[PDB]
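Just so it is clear: chains get the letters A, B, ... in the order the sequence lines come, proteins before strands, and each one is counted from 1. Below, each value reflects all heavy atoms present in this structure, side chains not excepted, and no hydrogens, waters or symmetry copies.
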There are 2 protein chains.
Amino acid sequence: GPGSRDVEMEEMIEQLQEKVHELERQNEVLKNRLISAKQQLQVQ
Amino acid sequence: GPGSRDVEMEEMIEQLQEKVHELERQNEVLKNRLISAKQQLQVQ
């Protein structure tokens with residue numbers, strides 16, 4: 001008989017949560033690139 | 001199909017999908033700001 005757990009449901013949810021996490025990481029990288037460029041422009 | 005939905009689960013899934021969309025929009029803007037500045041650095 002089928003198991004109590006729906007593994008496919010678990011994976012679908014985990015995939016969506018990981019998509020949010022990876023976009024947040026990419027957002028942070030972009031923000032840091034902008035910070036870095038502005039810091040470089042401000043010298044002198 | 002038949003219209004049976006768990007309201008709280010559906011709302012959480014939609015909120016996560018909207019977060020993905022918002023992060024994608026935000027990251028497009030940051031990337032395009034960086035591209036714009038590089039293009040300006042090419043003004044000869």
To the nearest 0.5 Å, tell me how far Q39(A) CD sits from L34(A) CG.
12.5 Å

Going by the side-chain hydrogen bond (donor to acceptor under 3.5 Å, both in side chains) test, which pairs reach into residues 3-12 of chain B, not counting sequence neighbours?
none

Show your working on side-chain contact (heavy atoms from CB on, under 4.5 Å) between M9(A) and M9(B) and close with a plain yes or no.
CA-CA 12 Å; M9(A) 181 68 101; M9(B) 284 180 65; 4.2 Å; yes

Please round to the nearest 0.5 Å and tell me the distance separating atom CD1 of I13(A) and atom CG of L16(B).
9.0 Å

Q17(B) versus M12(B): any side-chain heavy-atom pair under 4.5 Å?
no

Exercise answer: donor-acceptor pairs, residues 20-31 of chain A side-chain atoms, under 3.5 Å, sequence neighbours excluded:
residue, atom, partner, partner atom, Å
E22(A), OE1, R25(A), NE, 3.0
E22(A), OE1, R25(A), NH2, 2.7
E24(A), OE2, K19(B), NZ, 3.1
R25(A), NH2, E18(A), OE2, 2.6
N27(A), OD1, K31(A), NZ, 2.8
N27(A), ND2, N27(B), OD1, 2.9

